[PDB]
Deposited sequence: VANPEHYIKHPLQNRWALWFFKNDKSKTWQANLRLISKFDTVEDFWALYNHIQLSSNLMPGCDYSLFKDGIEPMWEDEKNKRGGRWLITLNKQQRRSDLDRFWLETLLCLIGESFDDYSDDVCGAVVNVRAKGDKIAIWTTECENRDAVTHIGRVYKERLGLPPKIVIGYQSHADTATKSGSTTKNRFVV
């Protein structure tokens, strides 16, 4: 009976990345792959082993991306895409950052956006003194139906009230403005 001894396979294999700001190095050189996993059990072994986002020094990031997509604008699956951005104030590092980030991780590995989960590339949390950010990256900023559906589902899974609006920005606009709001 496989149920008693097999790990539970995820729909995708995922890679977690870490960024630490070091002014001696280029941005790309500061980005490092931490490890990959493709089962529920290996996801939790990795999550339980690493620091909470709220405990990282300012200027660090985590990124979780599908295996084979690097967490940068230049990747073939990100260059035409964008991100749903959650901006946190300084008080929300205490209240919401870690629970929003873990909910974001679970939206990814559990493929929570129905048919549009294939548009998801990954997610990024930026820990910064000025205010942290969490974002889900999708692969095509022109797919209105995929993008808007991901944003609506994500907003409800974060539990954000209708008093809050979140915006979607294309990486091309960042690399050089919300395309969509929910």
## Note on the structure
Note to self, deposited ranges with zero CA coordinates are 1-2, 179-184
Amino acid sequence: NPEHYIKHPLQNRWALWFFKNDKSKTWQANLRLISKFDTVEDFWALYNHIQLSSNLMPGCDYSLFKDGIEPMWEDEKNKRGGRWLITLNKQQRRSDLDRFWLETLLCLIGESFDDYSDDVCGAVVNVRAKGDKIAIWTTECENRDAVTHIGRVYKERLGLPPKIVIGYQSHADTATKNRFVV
From here on, numbers count along this sequence of modelled residues.
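Heads up, when I say rigid core I mean the largest set of C-alphas that superpose within 1.5 Å between the two forms.
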### Query
Do the Cα atoms of 53-61 or those of 22-30 sit farther, on average, from the shown form in 9 other deposited structures of this protein after fitting on the core?
22-30
### Which of 88-96 and 103-111 strays further in 9 other deposited structures of this protein - Cα RMS after rigid core alignment
88-96
#### Entry: Average Cα temperature factor in the PDB entry - higher stretch of 167-175, 18-26
167-175
### Summary
Of 7-15 vs 156-164, the stretch with the larger average CA B-factor in the entry is 156-164
### Highest-ranked of 63, 55, 143, 39 once sorted by CA temperature factor in the record
143
### Query
Which of these has the highest Cα B-factor in the record: 48, 139, 117, 126?
117
### Task
Give the position of residue 91 by CA B-factor within its chain, expressed as the lowest, middle or highest third.
highest
### Task
Would you please rank residue 44 by its C-alpha temperature factor against the other modelled residues of its chain and give the third it falls in: lowest, middle or highest?
middle
### Message
Going by the CA temperature factor in the PDB record, which third of the chain does residue 80 belong to: lowest, middle or highest?
### Response
highest
